[PDB]
Each structure stands twice: as structure tokens, then as C-alpha cells.
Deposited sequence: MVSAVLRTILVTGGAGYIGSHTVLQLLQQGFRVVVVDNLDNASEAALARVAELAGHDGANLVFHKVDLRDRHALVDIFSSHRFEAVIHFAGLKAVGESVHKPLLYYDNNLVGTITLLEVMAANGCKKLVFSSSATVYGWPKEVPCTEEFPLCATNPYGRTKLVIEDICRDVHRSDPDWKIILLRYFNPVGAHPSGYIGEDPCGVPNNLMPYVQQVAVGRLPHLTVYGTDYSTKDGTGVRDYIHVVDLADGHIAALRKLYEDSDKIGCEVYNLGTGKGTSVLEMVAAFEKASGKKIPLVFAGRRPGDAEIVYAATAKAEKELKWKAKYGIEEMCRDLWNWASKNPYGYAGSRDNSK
């Protein structure tokens, strides 16, 4: 039983193939590796132990169609999990074509090769920046959508391409997942990343002088911004939950949308406190000049049979655990 995972060498993707491997799956990963290193897949393989053999890695770009058609004709892939993409808001503005070319062309070629190789089961990882900054929280899947930046637009376009493909061929079964701010690392502290918590962690180890808190007078309990965080191990279990919805309850759902997350938001000060407790270090602050945004996960918990298991305190534990062991990444 094989699953193909694009951008599997990345942060969310590497934690994905590990849980996949551990739960009896052959995982084929496709990565350009411009945003990551091979070591992450060598370590996810080690963490998988005897299941390390099941992981197969292809250093190939999703836009390359010939290299991609070869992969899809070498296995019957039960489904495809699409992580490949670029995830930098500031970078997407100065270089919008660089984002539109990578995200849009990469997905289109992917959807084409899949349809041509009889693989029409997809799970796409989408960003919850599509809701924009709304007046009302919690954000439900019925909330209106808007694009704050080219990165957000490129994500919202893919969602529309997925919807259009579904209406063109009812054989397509797509699940679109939206989520907020993955944080943490594998409890072993052997794989991890390389937003706020990264900045907190680099100043907790000494690399940075302090954490600058932007905004101290918001309409929140403490006055600092409230965002939606989610344990990365929890989020990588969310993408798998959808894959089971595709395997068991496929008939019910066609190109459905489930947004993931803990369901509650926490503030910068609430989050710094949760990291000082787990870390034992004390991050200095310097005060400088949306107040709240978070995801309503009621839908996911009901239809997808999924619920986050880890709170903010174990997120910082694991983040500190991996980072303190690996200060220079890989």
C-alpha cells in the first residue's frame, strides 16, 4: 500500500512520512530539496527503524513532467499528499512570479500526471491565510476568502483548480486542509524545522538578543496578538486522517474542506510563558508597536474523526527538545 508525498523532505512533510511509515505504508517522497536537506529523510528513516526501507526518495521538481510521469507509472499510488510549495509571505511579494511559477505550475503538472496515471485521490495542504484577517473569530469553513499576498493567492488558486478538476471528473476525491502555524518537533528531538516560536527558540539558545513583541495594546486579554498554533505531530496526523476519509468514506465527500488546529488561540505572552516553563530559559522582551485569528475545528473533529492531542506546553517542550539537541539544524 503506497502513498506519494510531495515535499516530504520539509518540516510538515517529514513528520508526515514518519507517521505514515510507522503505520504500515510505503512512502514515495518527491523533493526539489531547495528548501530542505536529505538528512531529514535519512533521520525520518532511522526513526522509522525497520520501516526505513519502505521510504523511497526522488530528488525531482514537481514541474518536471517527464521525471514525474516516470514515478507515477512505477507504482499504483493509493493517494497523493501535496506539501511542495513556497511558504514565505515577504518573499512572495518581492518575487510573485517565483511563487506563482512554483506553486501553480507544480500543482497543475501534478494534477495532470495523476489524472493520466489513474490516481485521482488527493490531499492538499493549504494555508489558513485565505480567511484573511476577519472581524469574527472562530473562522469556519464557510468564512469568506481573500488573498493578502501572492503566497495566499497561489494557495487560494490551487483550491479553485482542485474544485474545477472535481467538477470536470467526478472520479476525483480531494480534501483541502487549512491550518495555522505548525510548531514543535518529534518528541525524540531528532527531526525538526530549520514565525514566532522559531524566533523564541533562537533567542532562548543565544543566537538572538531578544524577542521583539510587535503590538502591546490589542483588544486581547494581555494586549498582544493572538494566533492559532498546532503541534506539528498533530498536523501530520491530520493529513493522514483525511487519507483515511479518502480510503473509507470517499463516496460521501468530493473536494471537501477541513481546517485543522487546536481550536483555541493563544497570545504571544501566553506562548512565551509556555516556552519558559518547558525550556527553563527566560527570553527577554523589547516592546514595539489583526488582534485575534484562529480556526474553528468543530467540522474536522466531526466528519474527519480527528482531534489534536497536544497542547501548547508540550509543543514548546518538543520544540526545545529538538532545537537544544540540534542548534545547527542538520
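Colleague: Map the modelled residues onto the deposited sequence and report the uncovered stretches in sequence order.
Modeller: Unmodelled stretches: 1 to 6, 201 to 206, 302 to 306, 348 to 355.
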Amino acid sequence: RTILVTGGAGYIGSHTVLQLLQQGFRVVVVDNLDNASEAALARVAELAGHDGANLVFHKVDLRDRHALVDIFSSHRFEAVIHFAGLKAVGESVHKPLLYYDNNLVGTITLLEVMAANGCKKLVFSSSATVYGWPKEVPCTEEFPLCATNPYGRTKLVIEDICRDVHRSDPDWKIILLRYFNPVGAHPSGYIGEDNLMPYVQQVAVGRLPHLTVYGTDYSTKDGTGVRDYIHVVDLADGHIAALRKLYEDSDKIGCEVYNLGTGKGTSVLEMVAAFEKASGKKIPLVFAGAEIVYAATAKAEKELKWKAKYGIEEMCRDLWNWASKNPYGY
From here on, numbers count along this sequence of modelled residues.
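Colleague: 249 to 257 versus 151 to 159: which one carries the higher mean Cα B factor per the record?
Modeller: Mean C-alpha B-factor is greater for 249 to 257.
Colleague: Output the stretch having the higher mean C-alpha B factor in the entry; the candidates are 297 to 305 and 22 to 30.
Modeller: Comparing averages over the C-alpha atoms only gives 297 to 305.
Colleague: Hey, out of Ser188, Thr220, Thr212, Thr107, whose CA B-factor is highest in the deposited coordinates?
Modeller: Of the candidates given, the C-alpha B-factor peaks at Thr220.
Colleague: Please say which third, lowest, middle or highest, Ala116 falls into when its CA temperature factor is compared across its chain.
Modeller: Middle third of the chain for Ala116's C-alpha B-factor.
Colleague: Based on the entry's values, in what third of the chain does the Cα temperature factor of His94 lie: lowest, middle or highest?
Modeller: Tercile = highest for this residue's CA B-factor.
Colleague: Just say lowest, middle or highest third for the CA B-factor of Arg65 relative to the other modelled residues in its chain.
Modeller: As the PDB entry reports it, the C-alpha B-factor of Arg65 lands in the highest third of its chain.
Colleague: Taking the values exactly as deposited, rank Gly192 by C-alpha B-factor within its chain and report the matching third: lowest, middle or highest.
Modeller: Answer is middle: the recorded C-alpha B-factor places it there.
Colleague: Against its chain's modelled residues, does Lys281's Cα B factor rank lowest, middle or highest third?
Modeller: Middle third of the chain for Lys281's C-alpha B-factor.
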